[PDB]
Amino acid sequence: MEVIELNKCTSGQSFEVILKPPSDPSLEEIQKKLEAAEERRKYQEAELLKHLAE
Amino acid sequence: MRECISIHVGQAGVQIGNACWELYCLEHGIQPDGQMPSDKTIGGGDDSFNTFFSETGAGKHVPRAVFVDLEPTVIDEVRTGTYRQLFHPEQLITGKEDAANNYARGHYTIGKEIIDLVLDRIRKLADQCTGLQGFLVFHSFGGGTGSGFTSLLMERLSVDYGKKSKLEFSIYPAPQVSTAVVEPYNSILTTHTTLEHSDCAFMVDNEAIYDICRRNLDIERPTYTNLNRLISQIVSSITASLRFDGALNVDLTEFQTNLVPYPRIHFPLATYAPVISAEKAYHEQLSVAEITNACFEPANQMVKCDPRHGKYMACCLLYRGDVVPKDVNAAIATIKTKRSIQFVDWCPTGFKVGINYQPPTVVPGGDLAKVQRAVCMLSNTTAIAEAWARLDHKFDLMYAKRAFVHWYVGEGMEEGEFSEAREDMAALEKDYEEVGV
Amino acid sequence: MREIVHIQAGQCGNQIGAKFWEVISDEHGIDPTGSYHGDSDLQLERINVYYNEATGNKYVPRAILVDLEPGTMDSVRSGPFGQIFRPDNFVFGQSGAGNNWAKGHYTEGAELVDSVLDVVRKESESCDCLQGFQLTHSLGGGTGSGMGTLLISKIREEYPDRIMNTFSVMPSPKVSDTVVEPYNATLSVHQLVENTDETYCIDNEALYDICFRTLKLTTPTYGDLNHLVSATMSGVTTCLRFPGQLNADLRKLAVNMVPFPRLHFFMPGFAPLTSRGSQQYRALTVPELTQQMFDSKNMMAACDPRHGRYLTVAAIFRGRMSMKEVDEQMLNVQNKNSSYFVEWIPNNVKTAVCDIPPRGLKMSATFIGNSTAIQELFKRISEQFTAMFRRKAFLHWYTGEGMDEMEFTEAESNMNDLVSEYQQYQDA
Amino acid sequence: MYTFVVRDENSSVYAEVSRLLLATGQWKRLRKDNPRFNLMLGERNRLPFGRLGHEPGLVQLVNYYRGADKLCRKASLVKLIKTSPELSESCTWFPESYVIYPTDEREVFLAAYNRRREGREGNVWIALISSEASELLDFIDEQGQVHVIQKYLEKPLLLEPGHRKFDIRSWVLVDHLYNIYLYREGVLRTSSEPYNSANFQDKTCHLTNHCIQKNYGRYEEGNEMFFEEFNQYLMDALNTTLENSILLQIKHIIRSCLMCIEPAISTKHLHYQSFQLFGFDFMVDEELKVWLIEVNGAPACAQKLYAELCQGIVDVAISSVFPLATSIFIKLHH
Ligand SMILES: Nc1nc2c(ncn2[C@@H]2O[C@H](COP(=O)(O)OP(=O)(O)OP(=O)(O)O)[C@@H](O)[C@H]2O)c(=O)[nH]1
Ligand SMILES: Nc1ncnc2c1ncn2[C@@H]1O[C@H](COP(=O)(O)OP(=O)(O)CP(=O)(O)O)[C@@H](O)[C@H]1O
Ligand SMILES: Nc1nc2c(ncn2[C@@H]2O[C@H](COP(=O)(O)OP(=O)(O)O)[C@@H](O)[C@H]2O)c(=O)[nH]1
Ligand SMILES: COc1ccc(/C=C/C(=O)c2ccc(OC)c3c2OC(C)(C)C=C3)cc1O
Ligand SMILES: [Ca+2]
Ligand SMILES: [Mg+2]
Ligand SMILES: [Mg+2]
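Read top to bottom, the protein sequences are chains E, A, B and F.
Here the first sequence stands for residues 6 to 28, 44 to 74, numbered as in the entry's author numbering.
Going by the entry's author numbering, the first residue of the second sequence is number 1, and it counts up by one from there.
Going by the entry's author numbering, the first residue of the third sequence is number 1, and it counts up by one from there.
Here the fourth sequence stands for residues 1 to 103, 126 to 149, 161 to 247, 252 to 362, 372 to 380, numbered as in the entry's author numbering.
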């Protein structure tokens, strides 16, 4: 019902119609997490190479 | 003028990126070689299109875009394709081996090796910016790179660019055009890691787009090219207010202000009309009322769900073509009486409307017919949680048996991250619940 | 990653391996000299996966030919496409394995293995991004079974982050050389469970049954059996060899097909089943292809799929056809027989279509099933093993090479565990 | 072959429906959590509507309308009738009703209760039954649930012989096309003890449920008078038919309720489809005026009628979507 904020230019126009009123981790934390995953990877491959050496 | 940088991650992001930048060029009259004759200020300036394009002394208009993929297949097609001159080689980053549909491999294993190169090539574009406002991030939920690497990049961008806004264009997985059986796993994993780092995210369900192409474009079995041309139209509609003169959604901060009152609930639904076949011999052109009415039909949404059984927090209508405010208001008053449109109590029942007089541009020889008028509605409705419910249930089915988990653990991810990611999703489904019913 | 290093060990390994290279060379338009005499560029786009480009438009199979006996490798070198192989990739011993896994794995093969690994390394170094290894071998003899598994173990030590794929021919009393085959197979299966990512179970029982019961051939030869192996092998490698919708590779196959690491033994299938020479003139429709490729009569492992459940399925259709009709027929099988697909892996069937059909067929379909019914194959071998082992019969052939009974008990134990592991998910 | 899932074990209507479907030999029943179904016979509460219609190569149908609970809970039914312009406050066929909360419209209720006292006319209300307002408000706060207070029908139609009260149950099937089908057989759920004008604690003569009664079975079997007998009684006693005196009003009420909610619940353009069987409960006053009492979203049938109705549900609601190789319904045209 109520039209507000009407702005017009050569390209077009914009407006608001209201019908009814109302009632992060650090760099250190990322680099530590990514390196912790590599330590889990290193350990699993080392366990495989130990198994194969057996 | 304040610049935006577009980031395209993995296969889906890159291919959609191509579709969008093809369209942006056709919209601004920028040639495949980068020349733009209508631009009278050679080699710089602060026009509205400079938000997405920088300029060289020779007059080349170059995208503020970085393409990143862990294998070279897809980006090589950018490197050699019809828009090759547009990007400089530094904007196109590839590895040798992909993430094999594995979030943990994209995030932790291959992610660690390529992240610093990507952030450096991002910093290259950010240095050419007088007033960088933030980032537009294109990726799939389902891919290993699209999910895994994106979430890592998004974390780092918060650290390196704290003041900047981050927006997502995300492809939600559909069995109709799927790559991996573990797509639900990757989706929940990426959403959980990305949630604190995304300000506003536009989800596109591949199922919805597929069926739109089948029903409205008469395409028997839609290709990625078919889907991407359609997506690019929707993306272009969303970003038009950044690239043209106007007073609505003119900066990225305004997307959060206008669409996201609740920061966690940052997934607005996009609905688009009309989608018309170029092969249709006879076409009766559709009015402002007819196209605006179409914005409330499930068949036209980017995500199939039922807004009648949810609540609204915000609503934008973005028109392109022959549209005047008088006709918009006449259309709205009629629709409000005929349709179930329930806003939340702590929000006004209202619509923010933007009109651009230029009708949508279609790619020559595409599937979309030229139209006199078009509209993209952006509504933040709790009904979109239907998609989270669907996705979480598929996750639950697999994870009950710990199926495929070893592939993730094998890349050095702890199994606890699965249940952490899932609990966050359960918390999100509850957030929507409180607001919605 | 795209390059695959192919290894073929022992008699069966080399005989099926040679047939694989004959078939895929014809598909890619390569002649015995190695010169491309094709026409479609699609033949060349992913040719570097199996072929190394040589001096002057010549294509050299990335193939290593291994035996403890000079016999079979002379027959390859003198065979149809024999000239195509790189001469230095012929790695052979002299004394043979005598159908003895212990000779292959511990004594004779241990003497020759380092030489093979030097050739593997030379081929690995030529690779821009090596994705992994495929091995052809039987499990019933000594060289393919014993030395093949030794090789796999050593390759995994040297390349622990690469994929190991095998085509593993399972022994049957229906087509048998020696009584000791169940021993060799059981010792081998033990190695495959631990050291491969993907194994195509090629059952000689099934191949005999298809030849006899279905293909009308009253006395099947090895040649008749190997006609089925090459049609299957061509089909399972299609998406690696041709441009596709998915950009298929060995690692993605593993991630997507294998929900639990030990359960990586695939039941392959082919439609239509044909015998040599006699070409059938009527082409199969898509409903016919889909029906046959799921039927037990078309499985390359002698297991009834109705006795278990599909964990995952991959299917590759070849020829000019309605891709929509392919979707509809494949969805029809799943929606009408949903009890035979685990409900706890959603959307567990993936399908591709390739434009290029195999030689002599307008329409074909290759099945790759990870079914729990594969336990039937391992139980069959395990029963044959036990009937001998409970009397320690024929054991002296192995104890004479320094093997102990303890190693036999462990191999048997691990294969029985595998069986119960399959059963666990057949009821869940 | 078609497929279905059964997700409500306690439902007798859909026990018989699933049994009839199996008997065709063209319907196979699947496990509770099997997503690859054509038909869902769903759970009463928390039905996962959002998971429906997302299965490639399957047309999916469910035996419940999402949003229909607004008609089928007392609290929401009043709010719907009070707020919908198609129904409204001056709605002649629904008794005066007020939403009451315990820790809302209590001040709206008591102000209208005064008009009933200052006019000195009949002032009996139902939540249990009392003639004084604050008598059962002390029982509302005691319960701790949102129950509505409604004007009690003090002058009801009474069957002879017996001077008894009753209610009419109507079975209504709404298909996927939003056709409204009234089952031609309804049931009168009779009282067996005579209606007492000034003794409201005597619940057996005032509340006419099948459970409360079970003089039970004296006048008719299981306190159930069907349509043939009631029509004959109306012809004998009052010189009128069931059709003219009562059924016209019933058909009007059913059409009015379901028309009102039609835009909110319709599955006409949805990715999945709905049908639903409803039980409407009617009261008749002494001047043959029909009043709506409530709507049942999960109704149970009468024993005699189970077979005929359940076949009808299979006929027009199930086989209309999924075809195979007289009508018991009256189509309420709109
Ligand atoms: N709409 C659309 N979806 C795509 C496209 N390419 C891939 N997808 C979807 O993205 C998901 C698979 O992820 P991809 O983006 O292909 O994988 P990726 O990010 O390259 O990661 P990798 O697994 O390392 O290759 C699936 O849901 C596909 O349906 C595209 O061009 N358009
Ligand atoms: N306003 C009113 N005036 C007269 N009688 C009323 C009334 N409200 C309720 N009743 C009587 O009380 C009985 C039960 O009322 P109601 O229909 O609310 O309970 P209920 O939900 O258990 C029946 P159902 O089993 O069909 O769901 C009815 O059979 C009716 O006779
Ligand atoms: N399908 C098939 N099976 C074979 C072939 N040659 C041998 N076999 C089987 O392999 C087993 C014998 O192993 P073989 O490969 O001859 O021994 P190796 O030379 O020591 O590897 C038996 O089960 C045979 O049936 C062949 O060409 N085709
Ligand atoms: C259950 O869902 C899936 C199952 C398997 C895949 C496989 C993806 C591949 O990359 C791949 C790799 C090798 C292949 O040949 C053996 C194939 C292969 O997949 C296709 C192209 C579909 C067919 C064969 C993906 C899934 O989602
Ligand atoms: Ca300029
Ligand atoms: Mg990729
Ligand atoms: Mg032999």
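Beta carbons are placed, not taken as given, at the ideal position from N, Cα and C, and that holds for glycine.
DSSP beta-bridge partners of residue i
i, result
"F:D318", "F:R202, F:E331"
"A:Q301", "A:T271"
"A:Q15", "DSSP lists no partner for A:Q15."
"B:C211", "B:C211 pairs with nothing; no bridge assigned."
"E:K25", "A:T349"
"A:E55", "A:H61"
"A:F141", "In the DSSP output, where bridge partners are listed per residue, A:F141 has none listed."
"B:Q134", "B:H6, B:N165"
"A:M203", "A:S170"
Distance between beta carbons of residue j and residue i, contact taken as under 8 angstroms
i, j, result
"A:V137", "A:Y172", "About 15 angstroms separates the two Cβ atoms, so there is no contact after all."
"B:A315", "B:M293", "7 angstroms"
"F:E261", "F:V220", "5 angstroms"
"F:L20", "F:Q348", "6 angstroms"
"F:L190", "F:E323", "5 angstroms"
"B:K379", "B:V419", "6 angstroms"
"A:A180", "A:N101", "4 angstroms"
"A:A247", "E:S19", "5 angstroms"
"B:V193", "B:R251", "In fact, because the Cβ distance is near 19 angstroms, the residues do not count as touching under 8 angstroms."
"B:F270", "B:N298", "6 angstroms"
Candidates the options: closest to residue i by CA position
i, options, result
"B:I210", "B:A301, B:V333, B:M170", "B:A301"
"A:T130", "A:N186, A:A403, A:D47", "A:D47"
"F:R66", "F:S163, F:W328, F:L307, F:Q269", "F:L307"
"A:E22", "A:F418, A:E415, A:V363, A:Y210", "A:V363"
"B:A365", "B:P272, B:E325, B:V419", "B:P272"
"A:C295", "A:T223, A:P274, A:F404", "A:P274"
"A:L286", "A:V14, A:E433, A:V371, A:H61", "A:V371"
"F:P35", "F:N45, F:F4, F:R44, F:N10", "F:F4"
"residue 440 of chain A", "A:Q256, A:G321, A:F135", "Not covered by the structure: residue 440 of chain A. The range shown for chain A is 1 to 437."
"F:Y101", "F:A339, F:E266, F:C91, F:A149", "F:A149"
"A:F255", "A:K430, A:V437, A:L167", "A:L167"
"residue 475 of chain B", "B:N100, B:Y36, B:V60, B:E111", "With chain B represented from 1 up to 428, any question about residue 475 of chain B goes unanswered, as that position is not in the structure."
"F:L378", "F:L192, F:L170, F:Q286, F:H196", "F:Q286"
"B:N347", "B:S25, B:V169, B:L311", "B:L311"
"F:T237", "F:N212, F:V181, F:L161, F:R202", "F:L161"
Original post:
So does the segment 276–286 of chain B actually touch the segment 372–384 of chain B, counting three or more Cβ pairs closer than 8 angstroms?
Top reply: no
**OP:** Spell out a yes or no on whether the segment 94–114 of chain A and the segment 400–416 of chain A are touching, meaning 3 or more CB-CB pairs, one atom from each, closer than 8 angstroms.
**Re:** yes
**OP:** Flag this pair as touching only if the segment 360–377 of chain A and the segment 269–279 of chain A have three or more C-beta atom pairs under 8 angstroms; answer yes or no.
**Re:** yes
Original post:
Got a list of residues with beta-carbon closer than 5 angstroms to any non-hydrogen atom of ligand 6, in chain order?
Top reply: A:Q11, A:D98
Original post:
Do three or more CB pairs link the segment 166–175 of chain B to the segment 238–250 of chain B at distances below 8 angstroms?
Top reply: no
Subject >> At least 3 beta-carbon pairs within less than 8 angstroms: the segment 57–74 of chain E vs the segment 149–165 of chain B >> reply: yes
Subject >> the segment 177–190 of chain B in contact with the segment 347–366 of chain B per 3-pair CB rule at 8 angstroms >> reply: Contact between the segment 177–190 of chain B and the segment 347–366 of chain B is absent: fewer than 3 CB-CB pairs across the two stretches fall below 8 angstroms.
Original post:
Is the segment 295–310 of chain A touching the segment 290–308 of chain F, taking contact as three or more C-beta pairs under 8 angstroms?
Top reply: They touch, by the three-pair rule.
**OP:** Take every Cβ of the segment 53–70 of chain B, pair it with every Cβ of the segment 110–126 of chain B, and state whether three or more of those distances are shorter than 8 angstroms.
**Re:** Contact between the segment 53–70 of chain B and the segment 110–126 of chain B is present, because at least three Cβ pairs lie under 8 angstroms.
Original post:
Quick check: the segment 43–54 of chain B against the segment 102–117 of chain B, are there 3 or more CB pairs under 8 angstroms?
Top reply: no
Original post:
Of all residues in the structure, which have a C-beta closer than 6 angstroms to any heavy atom of ligand 7, taken in chain order?
Top reply: Cβ-based neighbours of ligand 7 within the cut-off: B:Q11, B:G141, B:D177.
Subject >> Touch test, the segment 416–435 of chain A against the segment 18–30 of chain B, Cβ-Cβ under 8 angstroms, three pairs minimum >> reply: Segments in contact, no.
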